[PDB]
Every structure is written in C-alpha cells, then in structure tokens.
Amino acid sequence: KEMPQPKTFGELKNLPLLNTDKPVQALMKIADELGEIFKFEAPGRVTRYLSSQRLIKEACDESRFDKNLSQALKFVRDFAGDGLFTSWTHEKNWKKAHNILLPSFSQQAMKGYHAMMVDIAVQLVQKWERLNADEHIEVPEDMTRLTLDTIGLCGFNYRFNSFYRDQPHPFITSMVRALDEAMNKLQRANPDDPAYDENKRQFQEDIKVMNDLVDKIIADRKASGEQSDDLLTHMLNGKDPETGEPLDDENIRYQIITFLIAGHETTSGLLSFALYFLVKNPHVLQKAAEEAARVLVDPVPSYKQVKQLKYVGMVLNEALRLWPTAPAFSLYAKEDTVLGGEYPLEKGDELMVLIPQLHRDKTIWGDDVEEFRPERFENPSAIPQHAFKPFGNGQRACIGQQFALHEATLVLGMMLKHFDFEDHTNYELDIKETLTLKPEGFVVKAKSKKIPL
C-alpha cells in the first residue's frame, strides 16, 4: 500500500522538518500522527522511520537487514574512524575489533573493572556529602563527571579528574565541539559559504587534539610494558581468533575515541533520567532506597552486591524504555524484501528505528506507556523479542551494555543508600538533543543519611 508521509516543502520535500533543536522529539510526534511507518524524503535521499514492534522485529532479522551508517555516523566517522560504532559490518577492522573486545566487555569482565568504578562512585558520594545545606546538585553535569572518569580509568588507566575541575579536560573540549559540528552539519544546507571555513578549520584542529592525546596514551603504554587490566592492555596484547591478527595502533586510537564518546553524555543521560523519574515518583524512590539499604551493607559495594540490586536494575531499564539515550539506529536491506506483508523494499533501501516510539508501542506495553513503572521489568524474559532495544540489535548491538549498566547500578545504589533527594524547583522536563538526550537544567538537593564510607 501507500506508506504515510509527513508534510512537504515543495522541492525540499521533508528536509525542513529536521531544521529543529529537537529532531527526535519532532519525529516522535510525527510517528504519533502517522503510525508504525512513514517515508521521509529529502533532495537525493529516502528513509523509512519504524515505530512498531510488528515491523521492527523484521528489521532486526540479520539475514534481511544490516547496520547502515546514517549521515550522523558518517560525520562522526571523521574522528571515530573505523572504530566499532562507525564501521560497516563488512570492514575487516569491524570483525577483528568485535572478536578481540567482546569478551573484555562481558558481565564477568566487570569484576575486573569494579574496583575502578568504585573509586569514581566514592568521589561522587564524597562531593555530595561535602555540599553545604543551601546548595543544589547539577545532575547531568555530575553524572557526566562520573561516567567520563569511569571510562577513562577502566578504559586506559587515565584520570580525567572531572571532580577537580569546572573547565573540561582539553580532550573533552575538542570531542564535544567535534560532536556538535557533526550534528550541526546534518541541518546545514550548503556548508561552503565562507562562514563555514572557520567551522571546518576548528573541526580539523579538534580531530588533531583528539588524535594527539590518544596516540600519546597508546605510545606511552607500548613503551612501559605496564600491564594494567584495562581495555588498552587487552587491545595491545589481544589477537583476533579468526584472522589471528591484533588491532593496529591507529584502530586502537579510534576504539578509545569511540569509548570516550559513548561513556560521556550518552551513558550519564541514563543516570540523569533515572534520578529524574525517581524524584517524580516518590513511592518508586522509596522502594529503590529500601533495596539499596538492605543490599549495600558494607562501606564500599562489592561486585556481587551490585548484581543483587534487582529493583535498581528495573529502575534503569524503565528509564531506558522512556528516554533511550542513543535513540535511533539505521539499517539497510541486504536483498529485495517485503516489510510487514505490505511495504516492498529494494536491496540497499534504508530503515531508521525510532527507539523511544518502539518503547511506547501499546500492543506490547499496555495503554499507560507514559507511566514510569519499574515493575514492567519484574521478569525481563517476559518482554517479546525486539520490543526493548535501547542497546541496538544482534552482532551490531552495544558492546558497552554490561559496563554502562554495572556503572549505573553501582552509583545509583550508592546515591539511594547515602542521600534523601528533593525536587526543590519542581523541575519541568526539558530534553536537550545532541548526539544524545539529557534533562537540561535538572537540579535536586541531596540530604545526607550520614552513613560512613
């Protein structure tokens, strides 16, 4: 049949609909109006936005569809290169890096990172214990300090020392400005008016800053023979069991840059949304706080204790349901195929999965999809295949999922053990869109339960 399409702007087709500060939220409203699938046309390109589990369960069939690099990922590839996130599945360096790194990101590998994660989580708790009575917490700012420092220390034994600064690390200044330039180029019609030579100049300088610190990190480690159990040691020593080859130093740099992007606001967003929903749902906060107090009986949490924070895990899954912090991914058709018995696609045709809309499919979740209810995840096995996809799909799924959830469960556990929280401004959710999503200006007050560390 005829696929629905949103409003057009003459020869510009649908392109101006993404000339907005909040394109994901705009696409969600278009999905609300048009339903499970809509065509999006621009001069020279056509994609289809999927919102229903019924169609997304077919999109997630790896025999029929593979990961596409969206324009967003193609612009990020200028500095993330052939790292896992910005590689095609058919690139030799994708399969090598995947085989070498995947065992180092397992639930079981988190035992080795736990001590380092505790180091940064304790720095967060001590910061909040040390605030004066009249002061508040800038939640996304503090969560980003935690997640960046955690990936720096577990990733390559580097301390960003985010709790010791207002001003970002020079690497982060360049990474954030490079990510901004990549996202800004999406809505940039003609990028060659002489105003955009200065953007392009700044872009090349930020790439050089990122390449220089990371190449130096790798070079320093190769020299010292120092064997830290971090991802960088794993990458310098590891061999792909298929090819028998290791990663080269350039590819290792791209992997580190990719991990630092991922571990920044994409991961801290989960913690910012989780705390937002907890302060807006005080009975849910109380239930999560009762679990944290019952389970976290030692001054520092153990790996086994974090694994026993079941309700805190449910809280984080329910935050990922409503506001997944990497809210879309792109696929292409491996062969001519028919989607949902109705939508014929040619080989190469592109799909975009709109994850926030998938997570609001009433046929899966029931009518009250806007409610924050962690009890939806009492038994995560009960969720049908391809209904809950905040970490993407199949062999191209998030490699960091167990790392992100261990980090988030540990620190949210400790926060709920150590503090009562107040929504002292009655904060109005305002979701800022970058490469990720965050509750912009989210602030709370934390009152110590005066429990020692």
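All residue numbers are counted from 1 along the displayed sequence.
Visitor: Going by the B-factors listed in the PDB entry, is the mean over the C-alpha atoms higher for 104-112 or for 264-272?
Guide: Looking at the recorded C-alpha B-factors, 104-112 comes out higher on average.
Visitor: Between 374-382 and 185-193, point out the one with the higher average CA B-factor as the PDB entry records it.
Guide: Result: 185-193.
Visitor: Per the PDB entry, which option out of 224, 123, 305, 286 has the greatest Cα B factor?
Guide: Largest recorded C-alpha B-factor: 224.
Visitor: Tell me, please, which of 199, 93, 281, 86 has the highest C-alpha B factor according to the deposited entry?
Guide: Going by the entry's C-alpha B-factors, 199 comes out highest.
Visitor: Which third, lowest, middle or highest, does the C-alpha temperature factor of residue 347 belong to within its own chain?
Guide: For residue 347, the deposited C-alpha B-factor lands in the middle third.
Visitor: Going by the recorded CA B-factors, say which third of the chain residue 429 sits in, lowest, middle or highest.
Guide: For residue 429, the deposited C-alpha B-factor lands in the middle third.
Visitor: According to the PDB entry, is the CA B factor of residue 365 in the bottom, middle or top third of its chain, that is, lowest, middle or highest?
Guide: It falls in the middle third of the chain.
Visitor: Splitting the chain's C-alpha B-factors into thirds, which one does residue 324 fall into?
Guide: Ranked within chain, residue 324 CA B lands in the lowest tercile.
Visitor: Taking the C-alpha B-factors as the PDB entry records them, is residue 389 in the lowest, middle or highest third of its chain?
Guide: Within its chain, residue 389 is a lowest-third residue by C-alpha B-factor, going by the deposited values.
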